[PDB]
Structure formats: C-alpha cells, structure tokens
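File shown here: upload17.cif, holding mmCIF, C-alpha atoms.
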```cif
data_my_file
loop_
_atom_site.label_atom_id
_atom_site.label_comp_id
_atom_site.auth_asym_id
_atom_site.auth_seq_id
_atom_site.Cartn_x
_atom_site.Cartn_y
_atom_site.Cartn_z
CA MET A 1 0.00 0.00 0.00
CA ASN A 2 1.84 3.06 -1.31
CA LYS A 3 -1.21 5.32 -1.23
CA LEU A 4 -2.93 5.63 2.15
CA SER A 5 0.31 5.26 4.11
CA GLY A 6 2.19 8.15 2.54
CA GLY A 7 4.10 7.13 -0.56
CA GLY A 8 7.24 7.60 -2.62
CA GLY A 9 10.72 7.53 -1.13
CA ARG A 10 13.92 9.46 -1.77
CA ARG A 11 16.26 10.65 0.98
CA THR A 12 14.93 13.09 3.58
CA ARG A 13 15.83 12.20 7.16
CA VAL A 14 14.86 14.30 10.18
CA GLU A 15 15.28 18.07 10.11
CA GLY A 16 14.48 21.13 12.20
CA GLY A 17 11.31 23.04 11.45
CA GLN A 18 10.23 24.61 14.74
CA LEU A 19 12.42 27.47 15.95
CA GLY A 20 10.65 30.12 18.02
CA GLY A 21 13.08 32.36 19.87
CA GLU A 22 15.48 32.40 22.82
CA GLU A 23 13.59 35.24 24.50
CA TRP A 24 10.28 36.56 23.17
CA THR A 25 9.33 36.16 19.50
CA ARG A 26 8.33 39.35 17.69
CA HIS A 27 10.58 39.39 14.63
CA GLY A 28 9.82 39.08 10.93
CA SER A 29 9.98 35.76 9.08
CA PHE A 30 9.77 35.88 5.29
CA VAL A 31 10.69 32.48 3.84
CA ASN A 32 9.07 30.98 0.74
CA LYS A 33 5.80 32.90 0.50
CA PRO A 34 6.34 36.56 -0.52
CA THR A 35 6.32 37.69 -4.15
CA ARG A 36 8.01 41.07 -4.60
CA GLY A 37 11.30 42.55 -5.77
CA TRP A 38 13.26 45.75 -6.38
CA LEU A 39 10.78 48.07 -8.09
CA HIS A 40 9.09 45.14 -9.78
CA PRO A 41 9.12 41.30 -9.61
CA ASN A 42 12.53 39.59 -9.58
CA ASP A 43 12.29 39.44 -13.37
CA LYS A 44 12.76 43.24 -13.47
CA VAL A 45 16.02 42.85 -11.54
CA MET A 46 17.57 39.50 -12.47
CA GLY A 47 16.70 40.29 -16.08
CA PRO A 48 16.78 43.98 -17.14
CA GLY A 49 17.90 45.25 -13.76
CA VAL A 50 16.58 48.48 -12.25
CA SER A 51 19.27 51.08 -12.87
CA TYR A 52 18.96 54.85 -12.54
CA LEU A 53 21.22 57.88 -12.14
CA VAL A 54 22.18 58.55 -8.53
CA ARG A 55 24.74 60.78 -6.82
CA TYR A 56 26.80 58.43 -4.64
CA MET A 57 27.86 59.94 -1.32
CA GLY A 58 30.94 58.60 0.50
CA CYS A 59 30.25 56.23 3.37
CA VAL A 60 28.54 56.80 6.72
CA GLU A 61 30.16 54.59 9.35
CA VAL A 62 28.25 53.33 12.38
CA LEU A 63 29.72 51.57 15.41
CA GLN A 64 26.38 51.07 17.15
CA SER A 65 25.95 48.32 19.74
CA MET A 66 23.31 45.61 20.19
CA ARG A 67 21.20 47.86 22.42
CA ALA A 68 21.27 51.55 21.47
CA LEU A 69 18.53 54.14 21.87
CA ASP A 70 15.37 53.48 23.88
CA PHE A 71 13.32 52.39 20.87
CA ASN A 72 15.27 51.25 17.81
CA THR A 73 17.86 53.91 16.88
CA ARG A 74 16.75 53.95 13.23
CA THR A 75 16.14 57.71 13.09
CA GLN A 76 18.93 58.83 15.46
CA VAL A 77 21.56 56.86 13.56
CA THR A 78 20.76 57.56 9.90
CA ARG A 79 19.81 61.12 10.84
CA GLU A 80 23.26 61.83 12.28
CA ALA A 81 24.90 59.60 9.66
CA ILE A 82 23.59 61.52 6.67
CA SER A 83 23.75 64.92 8.37
CA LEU A 84 27.30 63.82 9.16
CA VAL A 85 28.24 63.11 5.54
CA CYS A 86 27.19 66.70 4.89
CA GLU A 87 29.38 68.05 7.68
CA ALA A 88 32.14 66.31 5.74
CA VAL A 89 31.08 67.07 2.18
CA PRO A 90 28.61 69.97 2.71
CA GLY A 91 28.89 70.69 -1.01
CA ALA A 92 25.75 68.59 -1.27
CA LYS A 93 23.12 70.60 0.62
CA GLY A 94 21.12 68.14 2.69
CA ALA A 95 21.34 68.47 6.47
CA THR A 96 24.12 71.03 6.96
CA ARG A 97 26.53 73.27 5.03
CA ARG A 98 29.83 75.11 5.50
CA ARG A 99 30.40 73.77 9.02
CA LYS A 100 28.68 72.34 12.10
CA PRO A 101 29.69 70.89 15.52
CA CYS A 102 27.38 67.86 15.63
CA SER A 103 28.35 64.69 17.48
CA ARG A 104 25.97 61.73 17.78
CA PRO A 105 22.22 60.92 18.03
CA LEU A 106 21.90 59.67 21.59
CA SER A 107 23.67 56.38 22.32
CA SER A 108 27.01 54.94 21.17
CA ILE A 109 25.57 54.59 17.66
CA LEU A 110 27.13 56.45 14.71
CA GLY A 111 30.82 56.38 13.80
CA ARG A 112 32.21 58.55 10.99
CA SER A 113 31.47 59.56 7.39
CA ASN A 114 34.13 59.31 4.68
CA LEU A 115 34.24 62.04 2.03
CA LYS A 116 36.43 60.51 -0.67
CA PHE A 117 34.16 61.13 -3.65
CA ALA A 118 30.83 62.37 -2.28
CA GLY A 119 28.09 63.64 -4.56
CA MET A 120 29.09 61.96 -7.80
CA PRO A 121 26.40 61.43 -10.47
CA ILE A 122 26.57 57.87 -11.75
CA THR A 123 24.41 55.04 -13.06
CA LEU A 124 23.59 52.56 -10.30
CA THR A 125 22.36 49.15 -11.45
CA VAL A 126 20.38 46.99 -9.03
CA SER A 127 20.22 43.24 -9.59
CA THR A 128 19.16 40.17 -7.61
CA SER A 129 21.90 39.96 -4.98
CA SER A 130 24.31 42.04 -7.07
CA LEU A 131 24.65 45.81 -7.37
CA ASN A 132 27.01 47.19 -10.02
CA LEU A 133 27.70 50.91 -10.41
CA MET A 134 28.78 52.86 -13.48
CA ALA A 135 30.61 56.20 -13.41
CA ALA A 136 28.36 58.45 -15.47
CA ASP A 137 30.40 61.66 -15.55
CA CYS A 138 33.74 59.99 -14.79
CA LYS A 139 33.27 58.05 -18.04
CA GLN A 140 33.94 54.66 -16.47
CA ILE A 141 32.39 51.86 -14.42
CA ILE A 142 32.48 51.06 -10.70
CA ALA A 143 32.70 47.41 -9.66
CA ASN A 144 31.42 46.66 -6.15
CA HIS A 145 29.52 43.43 -5.53
CA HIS A 146 30.98 41.94 -2.36
CA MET A 147 27.91 42.30 -0.14
CA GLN A 148 24.21 41.86 -0.90
CA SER A 149 22.19 42.66 2.20
CA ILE A 150 19.49 45.34 2.08
CA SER A 151 16.37 44.82 4.19
CA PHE A 152 15.79 46.97 7.28
CA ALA A 153 17.64 50.27 7.65
CA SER A 154 16.35 53.08 5.44
CA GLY A 155 14.03 51.81 2.72
CA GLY A 156 12.74 55.29 1.97
CA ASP A 157 11.46 57.10 5.04
CA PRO A 158 13.62 56.95 8.22
CA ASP A 159 16.73 58.91 7.24
CA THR A 160 16.34 62.69 7.35
CA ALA A 161 14.00 64.17 4.74
CA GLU A 162 15.17 64.04 1.12
CA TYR A 163 18.26 61.83 1.38
CA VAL A 164 18.82 58.13 0.73
CA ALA A 165 20.78 56.06 3.24
CA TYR A 166 22.05 52.52 2.71
CA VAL A 167 23.26 49.78 5.05
CA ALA A 168 25.96 47.16 4.45
CA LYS A 169 27.21 44.73 7.10
CA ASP A 170 27.98 41.21 5.87
CA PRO A 171 30.77 40.15 8.29
CA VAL A 172 30.99 40.85 12.02
CA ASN A 173 34.26 42.80 11.95
CA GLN A 174 33.39 46.11 10.29
CA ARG A 175 29.78 46.83 9.35
CA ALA A 176 29.51 50.18 7.57
CA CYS A 177 26.85 52.22 5.76
CA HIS A 178 26.78 54.36 2.61
CA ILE A 179 24.81 57.40 1.47
CA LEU A 180 23.15 58.09 -1.89
CA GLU A 181 21.04 60.80 -3.53
CA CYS A 182 18.34 60.02 -6.10
CA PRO A 183 17.90 62.86 -8.65
CA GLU A 184 14.75 61.41 -10.21
CA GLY A 185 16.29 58.00 -10.82
CA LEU A 186 16.48 55.08 -8.40
CA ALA A 187 14.22 57.33 -6.30
CA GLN A 188 11.41 55.04 -7.45
CA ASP A 189 12.58 52.22 -5.16
CA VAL A 190 14.58 54.11 -2.53
CA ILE A 191 11.57 56.35 -1.84
CA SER A 192 8.77 53.80 -1.48
CA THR A 193 10.70 50.53 -1.52
CA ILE A 194 8.34 48.66 -3.85
CA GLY A 195 10.22 45.47 -3.04
CA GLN A 196 13.67 43.93 -2.75
CA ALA A 197 15.67 41.89 -5.26
CA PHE A 198 16.06 38.89 -2.96
CA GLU A 199 15.89 35.32 -4.27
CA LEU A 200 19.22 33.48 -4.51
CA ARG A 201 18.42 29.78 -4.98
CA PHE A 202 21.17 29.25 -2.41
CA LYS A 203 22.22 30.99 0.81
CA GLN A 204 24.99 33.26 -0.49
CA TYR A 205 28.45 31.72 -0.75
CA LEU A 206 28.82 28.87 1.75
CA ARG A 207 32.54 28.90 0.97
#
```
Hey, can you dump this file as structure tokens for me?
Amino acid sequence: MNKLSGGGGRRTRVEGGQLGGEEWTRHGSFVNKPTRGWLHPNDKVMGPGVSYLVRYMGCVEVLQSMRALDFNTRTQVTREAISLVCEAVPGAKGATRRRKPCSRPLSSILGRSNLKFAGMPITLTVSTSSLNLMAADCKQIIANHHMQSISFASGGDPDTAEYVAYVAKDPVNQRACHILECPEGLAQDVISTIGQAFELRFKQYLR
C-alpha cells in the first residue's frame, strides 16, 4: 500500500522546522511565501535590472551596539549619519553646510562619514543579490559586488528628509553604511521601496 500510508521515497531524514526564539518572539519571518522585488518582480532585476542615475555619497560609518537608543535607533543613527556626511562634504546641501559641531544621536551609535568622492552622479544598477555601479560623468564603471544585504535600515522614510541612506554589514568585523542621492532616478525604489531583489536559490556563498 503506497497510497494511504504516505508514498514515494527518496532521501529526507529528520530536520528542524520549529524554531521560536530564545527570548520573546516578535521578529519578521519571510521564507518561501512573498512575491516582490526591487521596483518590480525579480524578473525586473535578475533580467533587465533596475538602474537609474544617482549621486553616490561617501560612506557613513556606524559603530552602534546591540542595544542603542530606547526604541530602535533607526532615526537617530541615519539622521546623524547623513547629516554627518554633509558636515564632511557639505557641497551637497542636505542636512548642513559650511560647518557644524554635531556629534551623535543619543547612544554609542554612529561612527564617521568618509568624504572621498561624495556627490558623484553615476548610473547605479540593481540586480538580484548584485549591485554594479557605473561612473556616469567619470566616463567609467564602478565594480562593487561583495555584499548583498538590504532589508531593514532606510528603505525610503527613516533617514532625514530628502536623502537616501544605505546599510551594508555582511561580516561581524566592520559593518559600515553608505549614502546616496536620487535625482529622479532610483528614487522610485529608494523612496517607497516597492520590493527587494532577494531570491538566490542558495544561501549566499557557503565557501
């Protein structure tokens, strides 16, 4: 009887499928169910890719701990992070200009913004777990696809007002963020966050 009593075969063995939480369970869990991607379905990313012109702004560093701010620290951090990148490269009017004391939001969060090449118009291409940039004015292309983690941080609201903030922390020995400005380009996704190019048939590298 290979009907009533289950059926088939193949290897399977016992596995884990019931993990709640060490202490209290109130986190998000999106695994095999959702159906959305950057701007439009994965097809729009993995295929044509959603690329638009965006002024890349240095990098806002953050050495926050695992318990900053009496709430979340989303605002405080990004707010001081972006406003900080301006204190560095105020040439791009956003939060400050000329000069400003500033310091930090509230807790130990926030680190330091680097102003190597802030405010540089270029074509940013977003793809499923792979973001490649292209120097528009520089007349060249920027290759940077080492990390692919963009979920909670600053989709398109908690940042400052009219500035785009990004988060990148793959390993546990650095963790840094970057800033970007959308002059009627990527703004489509960075403003509303239609979705997120996240599929990857496999974890990531496993190497």
Resolved residues for the PyMOL selection byres ((chain A and resi 192) around 9) as a VMD selection string:
chain A and resid 39 155 to 157 187 to 191 193 to 195
Protein/DNA/RNA residues near (32.8, 61.0, 1.9), cut 7 Å, all atoms listed in the file, as a PDB file with C-alpha atoms, in the frame of the given file:
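result.pdb, freshly written:
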```
ATOM      1  CA  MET A  57      27.860  59.940  -1.320  1.00  0.00           C
ATOM      2  CA  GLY A  58      30.940  58.600   0.500  1.00  0.00           C
ATOM      3  CA  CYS A  59      30.250  56.230   3.370  1.00  0.00           C
ATOM      4  CA  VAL A  85      28.240  63.110   5.540  1.00  0.00           C
ATOM      5  CA  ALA A  88      32.140  66.310   5.740  1.00  0.00           C
ATOM      6  CA  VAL A  89      31.080  67.070   2.180  1.00  0.00           C
ATOM      7  CA  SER A 113      31.470  59.560   7.390  1.00  0.00           C
ATOM      8  CA  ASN A 114      34.130  59.310   4.680  1.00  0.00           C
ATOM      9  CA  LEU A 115      34.240  62.040   2.030  1.00  0.00           C
ATOM     10  CA  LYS A 116      36.430  60.510  -0.670  1.00  0.00           C
ATOM     11  CA  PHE A 117      34.160  61.130  -3.650  1.00  0.00           C
ATOM     12  CA  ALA A 118      30.830  62.370  -2.280  1.00  0.00           C
TER      13      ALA A 118
END
```
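Proximity ranking of A:151, A:140, A:174, A:64 relative to residue 28 (chain A) places A:151 first, based on all atoms listed in the file.
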Around the point (23.0, 47.2, 9.0) in the file's coordinates, collect all residues with an atom within 10 Å, using all atoms listed in the file, and return them as a VMD selection string.
chain A and resid 62 64 149 to 154 166 to 170 175 to 177
As JSON: centre and edge lengths in Å, one decimal, of the axis-aligned box holding region 192-207 of chain A with 4 Å per side:
```
{"center_x": 20.4, "center_y": 41.3, "center_z": -1.8, "size_x": 32.2, "size_y": 32.9, "size_z": 15.0}
```
With the file shown as input, list the residues that the PyMOL selection byres ((chain A and resi 68) around 12) selects, as a ChimeraX atom specification. /A:62-67,69-77,104-110
Serialized selection, C-alpha atoms, as a PDB file, in the frame of the given file:
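File result17.pdb, as written:
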```pdb
ATOM      1  CA  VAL A  62      28.250  53.330  12.380  1.00  0.00           C
ATOM      2  CA  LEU A  63      29.720  51.570  15.410  1.00  0.00           C
ATOM      3  CA  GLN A  64      26.380  51.070  17.150  1.00  0.00           C
ATOM      4  CA  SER A  65      25.950  48.320  19.740  1.00  0.00           C
ATOM      5  CA  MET A  66      23.310  45.610  20.190  1.00  0.00           C
ATOM      6  CA  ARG A  67      21.200  47.860  22.420  1.00  0.00           C
ATOM      7  CA  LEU A  69      18.530  54.140  21.870  1.00  0.00           C
ATOM      8  CA  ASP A  70      15.370  53.480  23.880  1.00  0.00           C
ATOM      9  CA  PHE A  71      13.320  52.390  20.870  1.00  0.00           C
ATOM     10  CA  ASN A  72      15.270  51.250  17.810  1.00  0.00           C
ATOM     11  CA  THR A  73      17.860  53.910  16.880  1.00  0.00           C
ATOM     12  CA  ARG A  74      16.750  53.950  13.230  1.00  0.00           C
ATOM     13  CA  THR A  75      16.140  57.710  13.090  1.00  0.00           C
ATOM     14  CA  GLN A  76      18.930  58.830  15.460  1.00  0.00           C
ATOM     15  CA  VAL A  77      21.560  56.860  13.560  1.00  0.00           C
ATOM     16  CA  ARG A 104      25.970  61.730  17.780  1.00  0.00           C
ATOM     17  CA  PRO A 105      22.220  60.920  18.030  1.00  0.00           C
ATOM     18  CA  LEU A 106      21.900  59.670  21.590  1.00  0.00           C
ATOM     19  CA  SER A 107      23.670  56.380  22.320  1.00  0.00           C
ATOM     20  CA  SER A 108      27.010  54.940  21.170  1.00  0.00           C
ATOM     21  CA  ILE A 109      25.570  54.590  17.660  1.00  0.00           C
ATOM     22  CA  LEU A 110      27.130  56.450  14.710  1.00  0.00           C
TER      23      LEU A 110
END
```
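The two atoms in question, CA of residue 97 (chain A) and CA of residue 144 (chain A), are spaced 29.3 Å apart.
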